[PDB]
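> This is data-v4.txt (compact mmCIF, C-alpha atoms (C1' of nucleotides)).
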```
# COMPACT_ATOMS: atom_id res chain seq x y z
CA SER E 499 -55.29 -53.33 -65.15
CA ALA E 500 -53.50 -52.73 -61.85
CA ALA E 501 -55.52 -49.61 -61.05
CA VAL E 502 -58.82 -51.21 -62.04
CA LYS E 503 -58.00 -54.33 -60.02
CA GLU E 504 -57.16 -52.29 -56.93
CA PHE E 505 -60.46 -50.44 -57.23
CA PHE E 506 -62.35 -53.72 -57.77
CA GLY E 507 -61.62 -55.51 -54.54
CA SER E 508 -59.07 -53.47 -52.59
CA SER E 509 -61.26 -50.36 -52.29
CA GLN E 510 -63.53 -49.61 -49.34
CA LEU E 511 -66.73 -49.31 -51.37
CA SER E 512 -66.44 -52.83 -52.84
CA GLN E 513 -67.11 -55.51 -50.23
CA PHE E 514 -68.38 -59.07 -50.08
CA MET E 515 -72.05 -59.20 -50.97
CA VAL E 516 -74.39 -60.49 -48.27
CA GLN E 517 -76.17 -63.63 -49.45
CA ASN E 518 -78.30 -64.72 -46.49
CA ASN E 519 -81.56 -63.69 -48.16
CA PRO E 520 -82.81 -62.20 -51.43
CA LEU E 521 -83.85 -59.25 -49.27
CA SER E 522 -80.27 -58.90 -48.06
CA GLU E 523 -79.14 -58.99 -51.69
CA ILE E 524 -81.53 -56.20 -52.67
CA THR E 525 -80.81 -54.06 -49.62
CA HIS E 526 -77.06 -54.41 -50.14
CA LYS E 527 -77.09 -53.52 -53.83
CA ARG E 528 -79.51 -50.65 -53.14
CA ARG E 529 -77.16 -49.13 -50.59
CA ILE E 530 -75.85 -45.59 -50.21
CA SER E 531 -72.72 -44.90 -48.17
CA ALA E 532 -71.05 -41.66 -47.10
CA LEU E 533 -67.60 -43.20 -46.64
CA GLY E 534 -64.76 -44.23 -48.92
CA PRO E 535 -62.52 -41.91 -50.92
CA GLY E 536 -63.72 -38.33 -50.68
CA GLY E 537 -66.22 -39.15 -47.92
CA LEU E 538 -66.37 -38.86 -44.16
CA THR E 539 -65.18 -41.32 -41.53
CA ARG E 540 -67.06 -42.59 -38.50
CA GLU E 541 -64.61 -40.86 -36.15
CA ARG E 542 -64.79 -37.58 -38.11
CA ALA E 543 -68.54 -37.45 -38.78
CA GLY E 544 -70.43 -35.29 -36.32
CA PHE E 545 -74.18 -34.94 -36.01
CA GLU E 546 -75.49 -32.85 -38.92
CA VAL E 547 -74.52 -35.54 -41.45
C1' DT N 1 -51.49 -8.95 -24.66
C1' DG N 2 -53.70 -10.86 -28.45
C1' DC N 3 -52.53 -13.53 -32.39
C1' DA N 4 -52.08 -17.84 -34.91
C1' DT N 5 -50.00 -22.43 -34.35
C1' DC N 6 -49.07 -27.08 -32.81
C1' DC N 7 -50.10 -31.04 -30.01
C1' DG N 8 -52.60 -35.06 -27.72
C1' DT N 9 -57.28 -36.92 -26.89
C1' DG N 10 -61.59 -39.66 -28.08
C1' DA N 11 -64.68 -48.31 -26.07
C1' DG N 12 -66.40 -52.44 -25.69
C1' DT N 13 -66.27 -57.65 -26.88
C1' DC N 14 -66.67 -59.61 -31.63
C1' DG N 15 -66.43 -62.29 -38.00
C1' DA N 16 -64.19 -62.91 -42.82
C1' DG N 17 -61.66 -62.43 -46.16
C1' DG N 18 -56.67 -60.97 -46.80
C1' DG N 19 -53.89 -59.87 -50.41
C1' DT N 20 -51.64 -55.95 -55.12
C1' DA N 21 -47.70 -53.43 -58.05
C1' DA N 22 -45.74 -47.28 -62.59
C1' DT N 23 -40.52 -49.32 -64.21
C1' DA N 24 -35.45 -51.04 -65.31
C1' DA N 25 -29.16 -53.61 -70.18
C1' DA N 26 -26.40 -55.98 -71.19
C1' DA N 27 -21.31 -58.17 -72.23
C1' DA N 28 -16.87 -59.69 -70.23
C1' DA N 29 -13.70 -61.62 -66.67
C1' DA N 30 -13.04 -63.00 -62.08
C1' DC N 31 -13.85 -65.22 -58.14
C1' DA N 32 -16.38 -67.93 -54.59
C1' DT N 33 -18.69 -72.00 -53.41
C1' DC N 34 -21.64 -76.06 -53.23
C1' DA N 35 -22.41 -80.41 -55.18
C1' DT N 36 -21.10 -85.22 -56.20
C1' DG N 37 -17.96 -89.09 -56.13
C1' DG N 38 -14.39 -91.92 -54.55
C1' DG N 39 -11.42 -93.38 -50.76
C1' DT N 40 -9.52 -94.13 -45.66
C1' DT N 41 -11.31 -94.58 -40.35
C1' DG N 42 -14.13 -96.41 -37.49
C1' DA N 43 -17.91 -97.98 -35.40
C1' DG N 44 -20.48 -100.71 -35.08
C1' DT N 45 -23.89 -104.87 -35.06
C1' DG N 46 -23.21 -110.29 -36.01
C1' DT N 47 -21.94 -115.09 -34.79
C1' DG N 48 -19.90 -118.62 -33.43
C1' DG N 49 -17.31 -120.77 -29.64
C1' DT N 50 -15.64 -123.27 -24.17
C1' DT N 51 -17.26 -123.96 -19.41
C1' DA N 52 -20.19 -123.05 -14.95
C1' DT N 53 -23.85 -126.18 -14.27
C1' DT N 54 -28.89 -128.47 -11.40
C1' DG N 55 -33.11 -131.64 -12.04
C1' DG N 56 -33.77 -136.60 -13.75
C1' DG N 57 -33.05 -141.44 -14.23
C1' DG N 58 -30.84 -144.57 -13.07
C1' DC N 59 -28.46 -149.63 -10.24
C1' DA N 60 -26.83 -150.87 -5.17
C1' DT N 61 -27.95 -152.11 -0.92
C1' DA N 62 -31.09 -152.77 1.97
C1' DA N 63 -36.02 -153.88 3.57
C1' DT N 64 -41.83 -155.85 4.52
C1' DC N 65 -45.31 -158.21 2.74
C1' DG N 66 -47.38 -162.79 0.23
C1' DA N 67 -48.12 -167.96 -0.69
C1' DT N 68 -47.25 -173.81 1.92
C1' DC N 69 -44.53 -178.62 4.38
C1' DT N 70 -42.19 -179.84 9.08
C1' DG N 71 -42.45 -179.68 14.76
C1' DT N 72 -45.48 -179.43 19.63
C1' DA N 73 -50.41 -181.00 23.53
```
As structure tokens, please, write out the structure in this file.

Amino acid sequence: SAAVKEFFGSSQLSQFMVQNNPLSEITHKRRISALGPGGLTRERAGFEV
DNA sequence: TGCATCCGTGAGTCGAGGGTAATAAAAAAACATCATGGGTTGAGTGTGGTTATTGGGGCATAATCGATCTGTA
């Protein structure tokens, strides 16, 4: 339960869901990110990615 | 001299939630320490008490009107 709770809420890929519009809802749930565990960082990422 | 190796660097205001957790032993004795409760100091705040009065009203001792029967050309 500790590990699953840390992933659900304390991880980078789980963040508060935007609720301004239904469009914001859809475009936040249909989102692809290249960060988080095993991914790049904004400082590290160059140009090709 | 060439080689790998290590060591700093790299923006700017801003917002919103904002904290989570793999584990573990009990006895005993011994001692320290605060917590409450009851009793002296002591420290007040509390309350009447005598004696300084200064305006006010008062009674004396004087005073300036108001009203009528006797003396002078």
> Please check the contacts: residues of chain E at most 9 Å away from chain N, using all atoms listed in the file, listed as JSON, numbers by chain.
{"E": [500, 503, 504, 508, 514, 541]}
> Expressed in Å to a single decimal, how great is the separation between atom CA of residue 545 of chain E and atom CA of residue 532 of chain E?
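Atom-to-atom, atom CA of residue 545 of chain E and atom CA of residue 532 of chain E are spaced 13.3 Å apart.
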> Between atom CA of residue 522 of chain E and atom CA of residue 507 of chain E, measure the distance and give it in Å to one decimal.
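Spanning atom CA of residue 522 of chain E to atom CA of residue 507 of chain E is a straight-line distance of 20.0 Å.
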> Just the residues within 10 Å of residue 547 of chain E, please, counting only C-alpha atoms (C1' of nucleotides), with nothing from its chain fewer than 3 positions along; format it as a tab-separated table (two decimals) with C-alpha atoms, in the coordinates of the input.

```
chain	number	residue	atom	x	y	z
E	532	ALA	CA	-71.05	-41.66	-47.10
E	538	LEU	CA	-66.37	-38.86	-44.16
E	543	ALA	CA	-68.54	-37.45	-38.78
E	544	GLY	CA	-70.43	-35.29	-36.32
```
> Could you work out how far atom CA of residue 528 of chain E lies from atom CA of residue 505 of chain E, giving the answer in Å with one decimal?
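Atom CA of residue 528 of chain E lies 19.5 Å from atom CA of residue 505 of chain E.
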> Could you add N, CA, C and O atoms to segment 515-533 of chain E and give me the result as a compact mmCIF listing (two decimals), in the coordinates of the input?

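out-v5.txt, freshly written:
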```txt
# COMPACT_ATOMS: atom_id res chain seq x y z
N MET E 515 -70.62 -59.45 -50.92
CA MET E 515 -72.05 -59.20 -50.97
C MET E 515 -72.79 -60.19 -50.09
O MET E 515 -72.61 -61.41 -50.20
N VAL E 516 -73.63 -59.66 -49.19
CA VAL E 516 -74.39 -60.49 -48.27
C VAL E 516 -75.33 -61.39 -49.06
O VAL E 516 -76.01 -60.94 -49.99
N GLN E 517 -75.37 -62.67 -48.70
CA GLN E 517 -76.17 -63.63 -49.45
C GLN E 517 -77.08 -64.45 -48.56
O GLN E 517 -77.51 -65.54 -48.96
N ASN E 518 -77.40 -63.97 -47.36
CA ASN E 518 -78.30 -64.72 -46.49
C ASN E 518 -79.69 -64.83 -47.10
O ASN E 518 -80.29 -65.91 -47.09
N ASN E 519 -80.21 -63.73 -47.63
CA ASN E 519 -81.56 -63.69 -48.16
C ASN E 519 -81.58 -62.91 -49.47
O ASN E 519 -80.68 -62.11 -49.73
N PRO E 520 -82.59 -63.13 -50.31
CA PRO E 520 -82.81 -62.20 -51.43
C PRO E 520 -83.02 -60.78 -50.96
O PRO E 520 -82.59 -59.83 -51.63
N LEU E 521 -83.68 -60.59 -49.82
CA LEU E 521 -83.85 -59.25 -49.27
C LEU E 521 -82.51 -58.63 -48.92
O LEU E 521 -82.30 -57.44 -49.15
N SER E 522 -81.60 -59.42 -48.35
CA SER E 522 -80.27 -58.90 -48.06
C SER E 522 -79.55 -58.52 -49.34
O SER E 522 -78.86 -57.50 -49.40
N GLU E 523 -79.71 -59.33 -50.39
CA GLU E 523 -79.14 -58.99 -51.69
C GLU E 523 -79.64 -57.62 -52.15
O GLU E 523 -78.84 -56.72 -52.45
N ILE E 524 -80.96 -57.44 -52.17
CA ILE E 524 -81.53 -56.20 -52.67
C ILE E 524 -81.09 -55.02 -51.83
O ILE E 524 -80.70 -53.97 -52.35
N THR E 525 -81.13 -55.17 -50.50
CA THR E 525 -80.81 -54.06 -49.62
C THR E 525 -79.31 -53.79 -49.56
O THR E 525 -78.91 -52.74 -49.06
N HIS E 526 -78.48 -54.70 -50.06
CA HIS E 526 -77.06 -54.41 -50.14
C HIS E 526 -76.71 -53.75 -51.47
O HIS E 526 -75.85 -52.86 -51.51
N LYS E 527 -77.36 -54.16 -52.55
CA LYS E 527 -77.09 -53.52 -53.83
C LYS E 527 -77.75 -52.15 -53.92
O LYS E 527 -77.25 -51.27 -54.63
N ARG E 528 -78.85 -51.95 -53.21
CA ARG E 528 -79.51 -50.65 -53.14
C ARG E 528 -79.07 -49.93 -51.87
O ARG E 528 -79.86 -49.60 -50.99
N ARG E 529 -77.77 -49.68 -51.79
CA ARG E 529 -77.16 -49.13 -50.59
C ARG E 529 -76.41 -47.85 -50.94
O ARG E 529 -75.76 -47.76 -51.98
N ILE E 530 -76.52 -46.87 -50.06
CA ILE E 530 -75.85 -45.59 -50.21
C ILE E 530 -74.97 -45.36 -48.99
O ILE E 530 -75.45 -45.43 -47.85
N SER E 531 -73.69 -45.08 -49.23
CA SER E 531 -72.72 -44.90 -48.17
C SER E 531 -72.09 -43.52 -48.29
O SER E 531 -71.95 -42.98 -49.39
N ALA E 532 -71.69 -42.97 -47.15
CA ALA E 532 -71.05 -41.66 -47.10
C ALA E 532 -69.58 -41.77 -46.75
O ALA E 532 -68.97 -40.80 -46.30
N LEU E 533 -69.00 -42.94 -46.95
CA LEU E 533 -67.60 -43.20 -46.64
C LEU E 533 -66.84 -43.50 -47.93
O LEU E 533 -67.35 -43.32 -49.04
```
